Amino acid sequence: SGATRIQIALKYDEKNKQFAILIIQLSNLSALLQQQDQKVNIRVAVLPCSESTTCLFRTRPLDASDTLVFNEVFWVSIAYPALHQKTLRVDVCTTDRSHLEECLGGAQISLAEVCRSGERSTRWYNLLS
């Protein structure tokens, strides 16, 4: 196999001064989670946390699979100068028995490319352990 990839869309709306993070789908989860009787969630964090609005989001948990479809958007009330300098950390995290959290891989993503003009960027990102 290859690496585990995750597909995400990014769009910034300056009228309403908010940022959209759409977690679309995960691919090749087997590269990170070999035994798959667990449920995984995508953990999303806008770093630095910023000491005002929610910086930590988490998808619903789904039964592991090598083609896993979350259609969860998260909105964050931010302005472009702040946003433009931030980092997006995403991790595929599972939970073992007794709701413990363990994260199997992730990626930090520069937002310097996010478009102030509001165009959507849709890319695949590799999650490394």
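When you see a residue number, it is the position in the sequence shown, counting from 1.
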Tell me which of 96-104 and 38-46 has the higher mean C-alpha B-factor in the deposited entry.
96-104
Ranked by mean Cα B-factor in the entry, 47-55 and 26-34, top stretch is 47-55
Taking the values straight from the PDB record, which of 76, 68, 79, 73 has the highest C-alpha temperature factor?
76
Highest Cα B-factor in the PDB entry belongs to which of 117, 110, 16, 121?
16
Could you tell me which third, lowest, middle or highest, the C-alpha B-factor of residue 1 occupies within its chain?
highest
